[PDB]
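One file, my_file32.pdb, carrying PDB, C-alpha atoms:
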```pdb
ATOM      1  CA  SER C   1      27.474  39.881  82.166  1.00  0.00           C
ATOM      2  CA  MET C   2      27.119  42.325  85.079  1.00  0.00           C
ATOM      3  CA  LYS C   3      29.448  45.295  84.521  1.00  0.00           C
ATOM      4  CA  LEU C   4      31.151  47.680  86.939  1.00  0.00           C
ATOM      5  CA  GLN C   5      29.845  50.522  84.766  1.00  0.00           C
ATOM      6  CA  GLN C   6      26.324  49.357  85.402  1.00  0.00           C
ATOM      7  CA  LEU C   7      27.007  49.405  89.156  1.00  0.00           C
ATOM      8  CA  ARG C   8      28.533  52.863  88.776  1.00  0.00           C
ATOM      9  CA  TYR C   9      25.459  54.112  86.890  1.00  0.00           C
ATOM     10  CA  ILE C  10      22.857  52.943  89.383  1.00  0.00           C
ATOM     11  CA  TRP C  11      24.939  54.362  92.256  1.00  0.00           C
ATOM     12  CA  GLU C  12      25.315  57.722  90.508  1.00  0.00           C
ATOM     13  CA  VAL C  13      21.674  57.959  89.380  1.00  0.00           C
ATOM     14  CA  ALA C  14      20.647  57.386  93.010  1.00  0.00           C
ATOM     15  CA  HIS C  15      23.017  60.108  94.254  1.00  0.00           C
ATOM     16  CA  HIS C  16      21.852  62.659  91.653  1.00  0.00           C
ATOM     17  CA  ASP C  17      18.223  62.463  92.877  1.00  0.00           C
ATOM     18  CA  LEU C  18      17.185  60.021  90.134  1.00  0.00           C
ATOM     19  CA  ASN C  19      17.895  62.619  87.443  1.00  0.00           C
ATOM     20  CA  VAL C  20      19.433  60.622  84.596  1.00  0.00           C
ATOM     21  CA  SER C  21      20.250  63.686  82.496  1.00  0.00           C
ATOM     22  CA  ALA C  22      22.180  65.304  85.341  1.00  0.00           C
ATOM     23  CA  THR C  23      23.908  61.977  85.981  1.00  0.00           C
ATOM     24  CA  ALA C  24      24.817  61.789  82.282  1.00  0.00           C
ATOM     25  CA  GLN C  25      26.247  65.324  82.321  1.00  0.00           C
ATOM     26  CA  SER C  26      28.419  64.688  85.396  1.00  0.00           C
ATOM     27  CA  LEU C  27      29.728  61.342  84.091  1.00  0.00           C
ATOM     28  CA  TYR C  28      30.343  62.818  80.634  1.00  0.00           C
ATOM     29  CA  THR C  29      28.141  60.334  78.817  1.00  0.00           C
ATOM     30  CA  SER C  30      24.775  60.238  77.103  1.00  0.00           C
ATOM     31  CA  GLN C  31      21.443  59.860  78.850  1.00  0.00           C
ATOM     32  CA  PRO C  32      20.417  57.021  76.452  1.00  0.00           C
ATOM     33  CA  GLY C  33      23.651  55.185  77.275  1.00  0.00           C
ATOM     34  CA  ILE C  34      22.922  55.257  81.011  1.00  0.00           C
ATOM     35  CA  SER C  35      19.302  54.191  80.563  1.00  0.00           C
ATOM     36  CA  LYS C  36      20.226  51.324  78.268  1.00  0.00           C
ATOM     37  CA  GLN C  37      22.881  49.989  80.646  1.00  0.00           C
ATOM     38  CA  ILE C  38      20.566  50.177  83.656  1.00  0.00           C
ATOM     39  CA  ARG C  39      17.903  48.277  81.678  1.00  0.00           C
ATOM     40  CA  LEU C  40      20.457  45.596  80.763  1.00  0.00           C
ATOM     41  CA  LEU C  41      21.352  45.235  84.450  1.00  0.00           C
ATOM     42  CA  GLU C  42      17.709  44.971  85.477  1.00  0.00           C
ATOM     43  CA  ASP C  43      17.007  42.343  82.804  1.00  0.00           C
ATOM     44  CA  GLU C  44      19.941  40.241  84.057  1.00  0.00           C
ATOM     45  CA  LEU C  45      18.967  40.623  87.714  1.00  0.00           C
ATOM     46  CA  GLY C  46      15.260  40.064  87.087  1.00  0.00           C
ATOM     47  CA  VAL C  47      14.288  43.027  89.291  1.00  0.00           C
ATOM     48  CA  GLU C  48      13.854  46.747  88.708  1.00  0.00           C
ATOM     49  CA  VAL C  49      16.172  49.070  90.650  1.00  0.00           C
ATOM     50  CA  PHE C  50      14.027  52.194  90.129  1.00  0.00           C
ATOM     51  CA  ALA C  51      10.296  52.698  89.827  1.00  0.00           C
ATOM     52  CA  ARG C  52       9.324  54.627  86.712  1.00  0.00           C
ATOM     53  CA  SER C  53       6.440  56.831  85.672  1.00  0.00           C
ATOM     54  CA  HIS C  56      10.686  60.182  85.148  1.00  0.00           C
ATOM     55  CA  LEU C  57      12.250  57.901  87.761  1.00  0.00           C
ATOM     56  CA  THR C  58      10.253  58.236  90.945  1.00  0.00           C
ATOM     57  CA  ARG C  59      12.018  56.221  93.649  1.00  0.00           C
ATOM     58  CA  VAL C  60      14.453  53.419  94.373  1.00  0.00           C
ATOM     59  CA  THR C  61      12.607  50.121  94.799  1.00  0.00           C
ATOM     60  CA  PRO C  62      13.128  47.890  97.871  1.00  0.00           C
ATOM     61  CA  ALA C  63      15.362  45.580  95.845  1.00  0.00           C
ATOM     62  CA  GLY C  64      17.094  48.655  94.458  1.00  0.00           C
ATOM     63  CA  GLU C  65      17.939  50.010  97.899  1.00  0.00           C
ATOM     64  CA  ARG C  66      19.894  46.825  98.681  1.00  0.00           C
ATOM     65  CA  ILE C  67      21.618  46.483  95.281  1.00  0.00           C
ATOM     66  CA  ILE C  68      22.715  50.141  95.182  1.00  0.00           C
ATOM     67  CA  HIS C  69      24.147  49.904  98.714  1.00  0.00           C
ATOM     68  CA  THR C  70      26.203  46.859  97.697  1.00  0.00           C
ATOM     69  CA  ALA C  71      27.214  48.624  94.474  1.00  0.00           C
ATOM     70  CA  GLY C  72      28.648  51.407  96.646  1.00  0.00           C
ATOM     71  CA  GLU C  73      30.676  48.872  98.636  1.00  0.00           C
ATOM     72  CA  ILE C  74      31.961  47.449  95.371  1.00  0.00           C
ATOM     73  CA  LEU C  75      32.960  50.907  94.084  1.00  0.00           C
ATOM     74  CA  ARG C  76      34.839  51.677  97.326  1.00  0.00           C
ATOM     75  CA  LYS C  77      36.718  48.370  96.958  1.00  0.00           C
ATOM     76  CA  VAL C  78      37.612  49.294  93.359  1.00  0.00           C
ATOM     77  CA  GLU C  79      39.047  52.484  94.839  1.00  0.00           C
ATOM     78  CA  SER C  80      40.941  50.367  97.354  1.00  0.00           C
ATOM     79  CA  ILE C  81      42.603  48.417  94.545  1.00  0.00           C
ATOM     80  CA  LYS C  82      43.841  51.669  92.967  1.00  0.00           C
ATOM     81  CA  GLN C  83      45.194  52.751  96.360  1.00  0.00           C
ATOM     82  CA  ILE C  84      47.042  49.451  96.829  1.00  0.00           C
ATOM     83  CA  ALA C  85      48.581  49.905  93.392  1.00  0.00           C
ATOM     84  CA  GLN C  86      49.695  53.430  94.276  1.00  0.00           C
ATOM     85  CA  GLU C  87      51.208  52.245  97.543  1.00  0.00           C
ATOM     86  CA  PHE C  88      53.298  49.583  95.747  1.00  0.00           C
ATOM     87  CA  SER C  89      54.649  52.002  93.099  1.00  0.00           C
ATOM     88  CA  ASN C  90      55.850  55.597  92.603  1.00  0.00           C
TER      89      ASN C  90
ATOM     90  CA  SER Q   1      38.200  51.141  82.653  1.00  0.00           C
ATOM     91  CA  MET Q   2      38.809  48.503  85.328  1.00  0.00           C
ATOM     92  CA  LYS Q   3      36.524  45.557  84.577  1.00  0.00           C
ATOM     93  CA  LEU Q   4      34.757  42.961  86.699  1.00  0.00           C
ATOM     94  CA  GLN Q   5      35.908  40.457  84.090  1.00  0.00           C
ATOM     95  CA  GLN Q   6      39.553  41.417  84.794  1.00  0.00           C
ATOM     96  CA  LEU Q   7      39.079  40.924  88.547  1.00  0.00           C
ATOM     97  CA  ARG Q   8      37.550  37.490  87.886  1.00  0.00           C
ATOM     98  CA  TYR Q   9      40.505  36.574  85.647  1.00  0.00           C
ATOM     99  CA  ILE Q  10      43.275  37.481  88.092  1.00  0.00           C
ATOM    100  CA  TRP Q  11      41.357  35.660  90.830  1.00  0.00           C
ATOM    101  CA  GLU Q  12      40.934  32.493  88.786  1.00  0.00           C
ATOM    102  CA  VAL Q  13      44.515  32.458  87.470  1.00  0.00           C
ATOM    103  CA  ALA Q  14      45.638  32.754  91.103  1.00  0.00           C
ATOM    104  CA  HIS Q  15      43.428  29.793  92.027  1.00  0.00           C
ATOM    105  CA  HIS Q  16      44.460  27.674  89.004  1.00  0.00           C
ATOM    106  CA  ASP Q  17      48.176  27.417  89.938  1.00  0.00           C
ATOM    107  CA  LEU Q  18      48.983  30.403  87.689  1.00  0.00           C
ATOM    108  CA  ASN Q  19      48.072  28.286  84.610  1.00  0.00           C
ATOM    109  CA  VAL Q  20      46.315  30.673  82.216  1.00  0.00           C
ATOM    110  CA  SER Q  21      45.258  27.924  79.755  1.00  0.00           C
ATOM    111  CA  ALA Q  22      43.685  25.898  82.566  1.00  0.00           C
ATOM    112  CA  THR Q  23      42.040  29.116  83.736  1.00  0.00           C
ATOM    113  CA  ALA Q  24      40.740  29.710  80.195  1.00  0.00           C
ATOM    114  CA  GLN Q  25      39.437  26.140  80.073  1.00  0.00           C
ATOM    115  CA  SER Q  26      37.446  26.575  83.279  1.00  0.00           C
ATOM    116  CA  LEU Q  27      35.991  29.930  82.189  1.00  0.00           C
ATOM    117  CA  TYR Q  28      35.138  28.824  78.617  1.00  0.00           C
ATOM    118  CA  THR Q  29      37.108  31.659  77.005  1.00  0.00           C
ATOM    119  CA  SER Q  30      40.425  31.829  75.161  1.00  0.00           C
ATOM    120  CA  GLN Q  31      43.807  31.978  76.864  1.00  0.00           C
ATOM    121  CA  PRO Q  32      45.053  34.925  74.700  1.00  0.00           C
ATOM    122  CA  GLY Q  33      41.952  36.918  75.651  1.00  0.00           C
ATOM    123  CA  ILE Q  34      42.597  36.334  79.356  1.00  0.00           C
ATOM    124  CA  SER Q  35      46.307  37.198  79.187  1.00  0.00           C
ATOM    125  CA  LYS Q  36      45.578  40.385  77.259  1.00  0.00           C
ATOM    126  CA  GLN Q  37      42.877  41.500  79.721  1.00  0.00           C
ATOM    127  CA  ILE Q  38      45.168  40.952  82.707  1.00  0.00           C
ATOM    128  CA  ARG Q  39      47.899  42.944  80.938  1.00  0.00           C
ATOM    129  CA  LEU Q  40      45.464  45.814  80.359  1.00  0.00           C
ATOM    130  CA  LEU Q  41      44.579  45.757  84.057  1.00  0.00           C
ATOM    131  CA  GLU Q  42      48.281  45.818  85.024  1.00  0.00           C
ATOM    132  CA  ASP Q  43      48.896  48.683  82.582  1.00  0.00           C
ATOM    133  CA  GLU Q  44      46.105  50.738  84.159  1.00  0.00           C
ATOM    134  CA  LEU Q  45      47.216  50.063  87.745  1.00  0.00           C
ATOM    135  CA  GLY Q  46      50.937  50.512  87.008  1.00  0.00           C
ATOM    136  CA  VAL Q  47      51.917  47.327  88.882  1.00  0.00           C
ATOM    137  CA  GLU Q  48      52.120  43.660  87.976  1.00  0.00           C
ATOM    138  CA  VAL Q  49      49.797  41.229  89.697  1.00  0.00           C
ATOM    139  CA  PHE Q  50      51.939  38.240  88.634  1.00  0.00           C
ATOM    140  CA  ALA Q  51      55.694  37.964  88.108  1.00  0.00           C
ATOM    141  CA  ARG Q  52      56.669  36.857  84.613  1.00  0.00           C
ATOM    142  CA  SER Q  53      59.436  34.818  83.025  1.00  0.00           C
ATOM    143  CA  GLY Q  54      58.888  34.250  79.303  1.00  0.00           C
ATOM    144  CA  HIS Q  56      55.093  31.749  81.959  1.00  0.00           C
ATOM    145  CA  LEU Q  57      53.849  33.406  85.152  1.00  0.00           C
ATOM    146  CA  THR Q  58      55.994  32.526  88.137  1.00  0.00           C
ATOM    147  CA  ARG Q  59      54.408  33.993  91.272  1.00  0.00           C
ATOM    148  CA  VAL Q  60      51.957  36.510  92.649  1.00  0.00           C
ATOM    149  CA  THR Q  61      53.601  39.840  93.425  1.00  0.00           C
ATOM    150  CA  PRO Q  62      53.310  41.591  96.811  1.00  0.00           C
ATOM    151  CA  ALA Q  63      50.845  44.095  95.356  1.00  0.00           C
ATOM    152  CA  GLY Q  64      49.205  41.163  93.554  1.00  0.00           C
ATOM    153  CA  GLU Q  65      48.464  39.367  96.815  1.00  0.00           C
ATOM    154  CA  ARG Q  66      46.614  42.419  98.123  1.00  0.00           C
ATOM    155  CA  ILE Q  67      44.838  43.179  94.828  1.00  0.00           C
ATOM    156  CA  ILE Q  68      43.666  39.579  94.299  1.00  0.00           C
ATOM    157  CA  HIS Q  69      42.341  39.482  97.850  1.00  0.00           C
ATOM    158  CA  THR Q  70      40.253  42.607  97.201  1.00  0.00           C
ATOM    159  CA  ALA Q  71      39.174  41.169  93.860  1.00  0.00           C
ATOM    160  CA  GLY Q  72      37.816  38.189  95.776  1.00  0.00           C
ATOM    161  CA  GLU Q  73      35.866  40.471  98.109  1.00  0.00           C
ATOM    162  CA  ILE Q  74      34.418  42.279  95.082  1.00  0.00           C
ATOM    163  CA  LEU Q  75      33.321  39.042  93.386  1.00  0.00           C
ATOM    164  CA  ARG Q  76      31.551  37.891  96.549  1.00  0.00           C
ATOM    165  CA  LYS Q  77      29.735  41.226  96.778  1.00  0.00           C
ATOM    166  CA  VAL Q  78      28.703  40.720  93.136  1.00  0.00           C
ATOM    167  CA  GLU Q  79      27.407  37.294  94.087  1.00  0.00           C
ATOM    168  CA  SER Q  80      25.406  38.885  96.896  1.00  0.00           C
ATOM    169  CA  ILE Q  81      23.701  41.315  94.479  1.00  0.00           C
ATOM    170  CA  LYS Q  82      22.580  38.304  92.394  1.00  0.00           C
ATOM    171  CA  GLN Q  83      21.350  36.600  95.562  1.00  0.00           C
ATOM    172  CA  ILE Q  84      19.458  39.732  96.654  1.00  0.00           C
ATOM    173  CA  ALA Q  85      17.864  40.057  93.222  1.00  0.00           C
ATOM    174  CA  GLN Q  86      16.807  36.402  93.242  1.00  0.00           C
ATOM    175  CA  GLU Q  87      15.125  36.715  96.631  1.00  0.00           C
ATOM    176  CA  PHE Q  88      13.156  39.807  95.575  1.00  0.00           C
ATOM    177  CA  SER Q  89      12.203  38.645  92.070  1.00  0.00           C
ATOM    178  CA  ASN Q  90      10.638  35.542  93.647  1.00  0.00           C
ATOM    179  CA  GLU Q  91       8.829  37.406  96.459  1.00  0.00           C
TER     180      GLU Q  91
END
```

Structure translated into structure tokens:
Amino acid sequence: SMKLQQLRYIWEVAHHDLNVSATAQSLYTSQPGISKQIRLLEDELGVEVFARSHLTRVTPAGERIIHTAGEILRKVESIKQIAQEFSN
Amino acid sequence: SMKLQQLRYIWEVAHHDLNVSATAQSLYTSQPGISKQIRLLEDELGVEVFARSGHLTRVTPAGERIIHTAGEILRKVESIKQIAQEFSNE
């Protein structure tokens, strides 16, 4: 049930200073879409990635999950590079 | 557009002797769904992960590399679930 897009969203929200609207604008998607997908992720993981009030901070569990999400996204980039190397 | 589900599929087909129906049986999904999702993945990457003949015959040279990275990705996904479990129960 966990989606790469969900991992992309939490990584991008964290690197746009927890501003979901700015994240939405840069990823050319809606703010409700991002929020709903993050909430689906958190329900499945049973932990919250961000503290809310506005998002205020990344939680201790969130710091770990986002860091691993970044590793996953770099490996997805590695797959595209492998594909480019074995084609024209 | 690349999906975690597609990385799981190419990994499991590779570890089920390239038998897509056996792979479907283990994952509790349909064989046509799996074959179509792998094809979409190969369309997006522009290379085949498996050589074809009517049946899949072998993993391609790019396929060996891509499946290996897919395995790394799946294990990192498992670690996120492990991290979440340890914090939700603290």

Pull out every residue that the PyMOL selection byres ((chain Q and resi 60-67) around 12) matches in the shown coordinates and put them as a PDB file with C-alpha atoms, in the coordinates of the input.
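That gives us selection_9.pdb:
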```pdb
ATOM      1  CA  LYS C  77      36.718  48.370  96.958  1.00  0.00           C
ATOM      2  CA  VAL C  78      37.612  49.294  93.359  1.00  0.00           C
ATOM      3  CA  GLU C  79      39.047  52.484  94.839  1.00  0.00           C
ATOM      4  CA  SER C  80      40.941  50.367  97.354  1.00  0.00           C
ATOM      5  CA  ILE C  81      42.603  48.417  94.545  1.00  0.00           C
ATOM      6  CA  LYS C  82      43.841  51.669  92.967  1.00  0.00           C
ATOM      7  CA  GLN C  83      45.194  52.751  96.360  1.00  0.00           C
ATOM      8  CA  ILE C  84      47.042  49.451  96.829  1.00  0.00           C
ATOM      9  CA  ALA C  85      48.581  49.905  93.392  1.00  0.00           C
ATOM     10  CA  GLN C  86      49.695  53.430  94.276  1.00  0.00           C
ATOM     11  CA  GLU C  87      51.208  52.245  97.543  1.00  0.00           C
ATOM     12  CA  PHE C  88      53.298  49.583  95.747  1.00  0.00           C
ATOM     13  CA  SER C  89      54.649  52.002  93.099  1.00  0.00           C
TER      14      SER C  89
ATOM     15  CA  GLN Q   6      39.553  41.417  84.794  1.00  0.00           C
ATOM     16  CA  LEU Q   7      39.079  40.924  88.547  1.00  0.00           C
ATOM     17  CA  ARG Q   8      37.550  37.490  87.886  1.00  0.00           C
ATOM     18  CA  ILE Q  10      43.275  37.481  88.092  1.00  0.00           C
ATOM     19  CA  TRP Q  11      41.357  35.660  90.830  1.00  0.00           C
ATOM     20  CA  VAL Q  13      44.515  32.458  87.470  1.00  0.00           C
ATOM     21  CA  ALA Q  14      45.638  32.754  91.103  1.00  0.00           C
ATOM     22  CA  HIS Q  15      43.428  29.793  92.027  1.00  0.00           C
ATOM     23  CA  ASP Q  17      48.176  27.417  89.938  1.00  0.00           C
ATOM     24  CA  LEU Q  18      48.983  30.403  87.689  1.00  0.00           C
ATOM     25  CA  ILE Q  38      45.168  40.952  82.707  1.00  0.00           C
ATOM     26  CA  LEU Q  41      44.579  45.757  84.057  1.00  0.00           C
ATOM     27  CA  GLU Q  42      48.281  45.818  85.024  1.00  0.00           C
ATOM     28  CA  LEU Q  45      47.216  50.063  87.745  1.00  0.00           C
ATOM     29  CA  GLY Q  46      50.937  50.512  87.008  1.00  0.00           C
ATOM     30  CA  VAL Q  47      51.917  47.327  88.882  1.00  0.00           C
ATOM     31  CA  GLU Q  48      52.120  43.660  87.976  1.00  0.00           C
ATOM     32  CA  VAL Q  49      49.797  41.229  89.697  1.00  0.00           C
ATOM     33  CA  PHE Q  50      51.939  38.240  88.634  1.00  0.00           C
ATOM     34  CA  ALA Q  51      55.694  37.964  88.108  1.00  0.00           C
ATOM     35  CA  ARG Q  52      56.669  36.857  84.613  1.00  0.00           C
ATOM     36  CA  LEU Q  57      53.849  33.406  85.152  1.00  0.00           C
ATOM     37  CA  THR Q  58      55.994  32.526  88.137  1.00  0.00           C
ATOM     38  CA  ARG Q  59      54.408  33.993  91.272  1.00  0.00           C
ATOM     39  CA  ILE Q  68      43.666  39.579  94.299  1.00  0.00           C
ATOM     40  CA  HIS Q  69      42.341  39.482  97.850  1.00  0.00           C
ATOM     41  CA  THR Q  70      40.253  42.607  97.201  1.00  0.00           C
ATOM     42  CA  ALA Q  71      39.174  41.169  93.860  1.00  0.00           C
ATOM     43  CA  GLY Q  72      37.816  38.189  95.776  1.00  0.00           C
ATOM     44  CA  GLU Q  73      35.866  40.471  98.109  1.00  0.00           C
ATOM     45  CA  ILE Q  74      34.418  42.279  95.082  1.00  0.00           C
TER      46      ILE Q  74
END
```

> Suppose you want the space between CA of residue 37 (chain C) and CA of residue 6 (chain C); what is it in Å?
Replying inline: 5.9 Å

> Where does the PyMOL selection byres ((chain C) within 12 of (chain Q)) land in this file, that is, which residues does it pick, as a ChimeraX atom specification?
Replying inline: /C:1-8,41-49,61-90

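Put simply, CA of residue 40 (chain Q) is 28.2 Å away from CA of residue 13 (chain C).
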
> the PyMOL selection byres ((chain Q and resi 34) around 9) on the file shown: which residues, as an NGL selection string?
Replying inline: :Q and (6 or 9-10 or 20-21 or 23-24 or 29-33 or 35-39)

> If we count only C-alpha atoms, what is near residue 12 (chain C) at a cut-off of 10 Å, once residues fewer than 3 positions away on the same chain are taken out, given as number ranges by chain?
Replying inline: C: 6-9, 15-20, 22-24, 26-27, 68, 72

> What is the distance, in Å and to one decimal place, between CA of residue 40 (chain C) and CA of residue 60 (chain C)?
Replying inline: 16.8 Å

Would you compute, for all listed atoms of region 79-87 of chain Q, the axis-aligned bounding box grown by 8 Å on each side, and then report its centre and edge lengths in Å rounded to one decimal, as lines of an AutoDock Vina configuration file?
```
center_x = 21.3
center_y = 38.9
center_z = 94.6
size_x = 28.3
size_y = 20.9
size_z = 20.5
```

Would you fill the gaps in region 56-80 of chain C so it has N, CA, C and O atoms, then print it as a compact mmCIF listing (two decimals), in the coordinates of the input?
```txt
# COMPACT_ATOMS: atom_id res chain seq x y z
N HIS C 56 10.02 59.81 83.91
CA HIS C 56 10.69 60.18 85.15
C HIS C 56 10.92 58.96 86.04
O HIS C 56 10.07 58.07 86.11
N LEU C 57 12.07 58.89 86.71
CA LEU C 57 12.25 57.90 87.76
C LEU C 57 11.72 58.51 89.04
O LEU C 57 12.00 59.66 89.37
N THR C 58 10.98 57.71 89.80
CA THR C 58 10.25 58.24 90.94
C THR C 58 10.87 57.87 92.27
O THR C 58 10.82 58.66 93.21
N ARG C 59 11.43 56.67 92.39
CA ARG C 59 12.02 56.22 93.65
C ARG C 59 12.89 55.01 93.37
O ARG C 59 12.84 54.41 92.29
N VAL C 60 13.72 54.68 94.36
CA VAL C 60 14.45 53.42 94.37
C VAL C 60 13.54 52.35 94.96
O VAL C 60 12.89 52.57 95.99
N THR C 61 13.49 51.19 94.34
CA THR C 61 12.61 50.12 94.80
C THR C 61 13.26 49.42 95.99
O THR C 61 14.45 49.60 96.25
N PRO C 62 12.50 48.62 96.75
CA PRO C 62 13.13 47.89 97.87
C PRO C 62 14.31 47.02 97.45
O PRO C 62 15.32 46.99 98.16
N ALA C 63 14.20 46.31 96.33
CA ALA C 63 15.36 45.58 95.84
C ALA C 63 16.47 46.54 95.47
O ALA C 63 17.65 46.28 95.74
N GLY C 64 16.10 47.68 94.87
CA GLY C 64 17.09 48.66 94.46
C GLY C 64 17.88 49.23 95.62
O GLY C 64 19.07 49.54 95.48
N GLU C 65 17.22 49.45 96.76
CA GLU C 65 17.94 50.01 97.90
C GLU C 65 19.10 49.11 98.29
O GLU C 65 20.19 49.60 98.62
N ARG C 66 18.87 47.79 98.29
CA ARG C 66 19.89 46.82 98.68
C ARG C 66 21.02 46.74 97.65
O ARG C 66 22.20 46.70 98.01
N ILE C 67 20.65 46.65 96.37
CA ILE C 67 21.62 46.48 95.28
C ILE C 67 22.52 47.71 95.17
O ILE C 67 23.75 47.59 95.00
N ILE C 68 21.94 48.90 95.27
CA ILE C 68 22.72 50.14 95.18
C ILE C 68 23.71 50.24 96.34
O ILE C 68 24.88 50.60 96.15
N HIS C 69 23.27 49.89 97.55
CA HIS C 69 24.15 49.90 98.71
C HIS C 69 25.35 48.99 98.52
O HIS C 69 26.47 49.35 98.87
N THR C 70 25.11 47.78 97.99
CA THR C 70 26.20 46.86 97.70
C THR C 70 27.07 47.37 96.55
O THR C 70 28.30 47.23 96.58
N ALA C 71 26.45 47.98 95.54
CA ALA C 71 27.21 48.62 94.47
C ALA C 71 28.18 49.67 95.03
O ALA C 71 29.31 49.80 94.54
N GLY C 72 27.75 50.44 96.03
CA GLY C 72 28.65 51.41 96.65
C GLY C 72 29.84 50.74 97.32
O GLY C 72 30.97 51.22 97.21
N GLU C 73 29.59 49.65 98.04
CA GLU C 73 30.68 48.87 98.64
C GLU C 73 31.63 48.38 97.56
O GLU C 73 32.85 48.40 97.74
N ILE C 74 31.09 47.92 96.44
CA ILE C 74 31.96 47.45 95.37
C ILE C 74 32.81 48.59 94.83
O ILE C 74 34.02 48.43 94.63
N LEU C 75 32.21 49.77 94.63
CA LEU C 75 32.96 50.91 94.08
C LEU C 75 34.05 51.38 95.05
O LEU C 75 35.15 51.75 94.61
N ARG C 76 33.78 51.36 96.36
CA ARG C 76 34.84 51.68 97.33
C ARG C 76 35.98 50.66 97.27
O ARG C 76 37.16 51.03 97.40
N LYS C 77 35.66 49.38 97.10
CA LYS C 77 36.72 48.37 96.96
C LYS C 77 37.50 48.54 95.66
O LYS C 77 38.71 48.29 95.64
N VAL C 78 36.85 48.96 94.57
CA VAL C 78 37.61 49.29 93.36
C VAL C 78 38.57 50.44 93.65
O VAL C 78 39.69 50.48 93.14
N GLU C 79 38.13 51.42 94.44
CA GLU C 79 39.05 52.48 94.84
C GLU C 79 40.17 51.94 95.71
O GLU C 79 41.30 52.45 95.67
N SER C 80 39.89 50.91 96.51
CA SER C 80 40.94 50.37 97.35
C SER C 80 42.02 49.70 96.51
O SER C 80 43.21 49.85 96.79
```
